[PDB]
Every structure is written in C-alpha cells, then in structure tokens.
Amino acid sequence: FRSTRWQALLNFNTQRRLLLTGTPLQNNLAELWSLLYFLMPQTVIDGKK
DNA sequence: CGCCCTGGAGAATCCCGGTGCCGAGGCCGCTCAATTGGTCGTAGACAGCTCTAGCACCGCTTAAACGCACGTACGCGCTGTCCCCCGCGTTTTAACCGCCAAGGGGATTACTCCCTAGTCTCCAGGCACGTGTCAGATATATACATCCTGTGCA
C-alpha cells in the first residue's frame, strides 16, 4: 500500500479493473486488504475488526 | 575541367489547445509591539567672536612641450599546414524504487539563578605643548698657488 506505483495507477480513467495473479498470501491480511483496496475504493481501513 | 545558384529534402521550432496538479491567497484565531500621552533633561541651532590660511597677484628663472625630420621594424595581411575537438554511435555506471522497519541526538522552548558591568563618584597623572640643544647644511677668511709683468742680464 505504501508504494508509489500504488497511488500512481489509482487516478487513471477506467470503468473497470481486472487483476491477474497467481495467488496471494494466506496470513498478513494487510496485503489482502490492499488488493481489495486497489480493486475498488469502497473499503474502509479496518482489517482488524 | 571544376565553382555560385537553385531546388529538393529533412528536421527543429512556434504556437495553439487539452487535462491533471498544487501552493497563493483568503479566511480565521489569536496576540503583542505600536500608539498615545506624560515627564524630563539635554544636545543642536543661533549667534558671537576671532583668526588664519586660501585668494588673487607680480615678476625672475629656468624647463618641459612642441614642431619636425628621419627611419626602421613590428602590426598586419596573406598563405599553406596539420591536428584536435565536435558530431555520433555504441558501452558502461549512478541513482531511483521495493523489501522490511526501527530509533537518535541536537537545536528549540521554557524555566531558573547569579554576578559583571552600567552608572555614579572622586582622585590623580600624562601626553600635547613649549623650550634647550646639537646635527647638518651654508657662507665666508685664508695661505698658498698659477699667469702676468717689470726687469735686469751675457
């Protein structure tokens, strides 16, 4: 989430997003919630609830 | 046989939109030195008076400025040479980010004493000034010292 290319790709003009990945990690919910953030920005910052 | 003038080509530039991005300025919260007045004592302008070097000048007395004539030699124009850095393509490194997060010491702000010096005061003495005296530079007697002249001679 703290990387620069994170916010670099967020402001582009698109009506849809498609993520192609092999597999994410099981634990470390921060990166899972991060991919969920970059999917669409409807998610709050609370992953610990 | 080889050079100015023309034409084709190429690319570097100018200028006009076109959309994302961020700090200039506005707005507010706040807050502290400017403002107003009074007090107080103090140097600056106004004469006052004085005194002293600048001013304008006159006339010897050399001394640089100048006009010119000659001249010769280096600044300059021209020419041949050659070599060194620019233009460009290919190689090689510096720096940014991603990972993966922690502290660290030094200027800042606030508080806190404490003691060196401003201010006032009086006592003393020391260097700017007047005068004594020798050093150096100056102008003049002087005892010979070198031509000139009577002058006597062989």
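Per chain, the count goes from 1 following the written sequence and can depart from the entry's numbering; residues without coordinates do not appear at all. To read the labels, note that chains go from A and ligands from 1, taken in the order they are written. Reported quantities concern only the chains on display, which constitute a fraction of a larger assembly. Only heavy atoms go into the side-chain values, all of them from the structure, while hydrogens and water stay out. Residues with missing side-chain atoms are left out of burial classes, side-chain pairs and their counts.

Per the deposited record, determination of this structure is attributed to cryo-EM, with the resolution reported as 3.6 Å.

The name given to chain A in the PDB entry is Helicase SWR1, with Saccharomyces cerevisiae as the source organism. In the PDB, the entry goes by the title "Chromatin remodeller-nucleosome complex at 3.6 A resolution".

On the surface, a nonpolar cluster with roughly 400 Å² of combined accessible area is contributed by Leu-19, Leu-35, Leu-36, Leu-39 and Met-40. Along the polypeptide, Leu-39 turns up in helix α2 (residues 29-39). Exposed residues in this analysis have more than 50% of their type's maximum accessible area, buried residues have under 20%, and partly exposed residues fall in between, with area computed by a 1.4 Å probe over protein chains only. Note on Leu-39: relative accessible area 37%, which makes it partly exposed. Each patch is built from salt-bridge-free residues with over 30% relative accessible area, joining like charges within 9 Å and nonpolar side chains (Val, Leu, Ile, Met, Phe, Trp, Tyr) within 5 Å. Computed by Shrake-Rupley with a 1.4 Å probe, the accessible areas treat only the displayed protein chains as cover when residues are assessed. Salt bridges are counted wherever a side-chain nitrogen of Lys or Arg sits within 4 Å of a carboxyl oxygen of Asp or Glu. Every helix listed is a DSSP run of H or I at least four residues long, and every strand listed is a run of E at least two residues long, numbered separately from the N terminus.

With that out of the way, let us pick up the protein's contact with DNA strand B. A cutoff of 4 Å decides nearness: a residue is near a molecule or strand if any of its heavy atoms lies inside that distance of it. The environment of DNA strand B is made up of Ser-3, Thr-4 and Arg-5. Under this definition, polar contacts are N or O atom pairs within 3.5 Å; protein pairs additionally need one hydrogen-donor-capable and one acceptor-capable atom, and for neighbouring residues in sequence, both atoms have to be side-chain atoms. Within the side chain of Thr-4, a nitrogen or oxygen atom sits 3.0 Å from a phosphate oxygen of DNA strand B. Contacts to DNA strand B include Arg-5, whose side-chain N or O atom sits 2.8 Å from a phosphate oxygen.

When we look at a pair of aromatic rings, we describe it by the centre distance and by the angle of the planes. Here the aromatic set is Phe, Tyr and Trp, taking the six-membered ring for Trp, and pairing holds for ring centres within 6.5 Å; pairs whose planes are under 30 degrees apart are stacked, those over 60 apart are edge-to-face, and all others are tilted. Under the definition given, this model contains three aromatic pairs. Seen in terms of ring centroids, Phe-1 and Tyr-37 are 6.2 Å apart; in terms of plane orientation they differ by 75°. Their pairing is edge-to-face. Of this pair, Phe-1 sits in the segment before α1 (4-10) while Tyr-37 sits in helix α2; the two residues are 36 residues apart in sequence, bridging distant segments of the chain. Among the aromatic residues, those joined into a cluster by ring pairs are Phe-1, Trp-6, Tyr-37 and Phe-38. Whether a charge lies above a ring is judged from NZ of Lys or CZ of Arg, which has to be within 6 Å of the ring centre and within 35 degrees of the ring normal. Residue placement shows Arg-17 over the ring face of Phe-38; its charged tip is 5.7 Å from the ring centre.

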